[PDB]
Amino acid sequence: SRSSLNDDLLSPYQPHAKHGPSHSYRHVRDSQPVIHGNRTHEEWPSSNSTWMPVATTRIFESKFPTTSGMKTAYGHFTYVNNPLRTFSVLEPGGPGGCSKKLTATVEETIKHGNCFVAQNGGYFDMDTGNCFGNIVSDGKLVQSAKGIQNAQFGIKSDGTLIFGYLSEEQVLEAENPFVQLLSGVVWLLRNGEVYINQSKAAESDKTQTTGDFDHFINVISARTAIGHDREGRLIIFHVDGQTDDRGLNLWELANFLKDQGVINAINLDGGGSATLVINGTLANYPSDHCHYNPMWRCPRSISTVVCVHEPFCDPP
């Protein structure tokens, strides 16, 4: 059930199946900056504010300097209050989706879920539909990365925001467990600092050529990100573009989020996967072309989804 032609492909690794670095979690800890010691992640309390509304979306059309003048980037910031109760990680098509290797547009996945805001989530194998990385959907472990080291984001049972690199046992921890968790590629910001260089060492093997991953970081394209600010509010970011023509690169994206006050953030699936569905209707410009017409752009059939909804078992 392809909806788009998947022609704006921004792939970090080649081939698509060999996703993530093969080196050990030990090596991530060993090769990260000494200032961090043996902490491969960062924690922050999620906001408990019950103010209305849950999510506030803000539009931007901002200029960025290039060697050939300036460039404009269209996108949105979404600020989420009470992410413990309002933020969820959904499988494609509904519960049990990743095990069937389903791909579905964000519109299709949240069909009945009543998601105020929703964007595409983590990475996936384009040919097979296989989900990539750790996935915890509303308290239930969907799958595990078996120790593969990419940037992670999750919410704990007590409402603690987790960003960074997690070992397998940290993911499968039974005490204060993850209630929401997904995996991206590249740790954008760590404790208010740009963390691109450090992500190269952590999420790409030294045996391989520093070519395919560097292109993933330096090329401009559509991007999505998820982070947080001082107030414990979730940041669900997306910037429209077209790989090697429009958008931002992870260096620009990192500084953009940092300038706006994001402490920690990770890069989620970008390119033609970038999708923003506000209150049921698509609200951004996807970069894939439609299955049916060669000049009309369509959203992509993606994997997991990040959804913001009403609190659960609380106001009513």
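Numbers for residues come from their place in the sequence shown, where the first is 1.
Novice: Look up the CA B-factors in the entry and say which stretch, 169-177 or 211-219, has the higher mean.
Specialist: Between 169-177 and 211-219, it is 169-177 that shows the higher mean C-alpha B-factor.
Novice: On mean C-alpha B-factor from the PDB entry, just flag whether 48-56 or 244-252 is the higher one.
Specialist: The stretch with the larger average C-alpha B-factor is 48-56.
Novice: Maximum C-alpha temperature factor per the entry, among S204, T103, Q198, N120, belongs to which one?
Specialist: Most elevated C-alpha B-factor of the set, per the entry: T103.
Novice: Which third of the chain does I266 land in by C-alpha B-factor: lowest, middle or highest?
Specialist: Within its chain, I266 is a lowest-third residue by C-alpha B-factor, going by the deposited values.
Novice: Using only modelled residues of the chain, where does the Cα B factor of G69 rank: lowest third, middle third or highest third?
Specialist: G69: CA B-factor falls in the highest third of its chain.
Novice: Would you mind checking where the Cα B-factor of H16 ranks among the modelled residues of its chain, as the lowest, middle or highest third?
Specialist: Its C-alpha B-factor, which the entry lists for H16, ranks in the highest third among residues of this chain.
Novice: Using the B-factors in the PDB entry, rank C290's C-alpha atom against the chain and give the third, lowest, middle or highest.
Specialist: Highest third of the chain for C290's C-alpha B-factor.
Novice: Sort the modelled residues of this chain by their C-alpha B factor and say whether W187 lands in the lowest, middle or highest third.
Specialist: Its C-alpha B-factor belongs to the lowest third of this chain's values.
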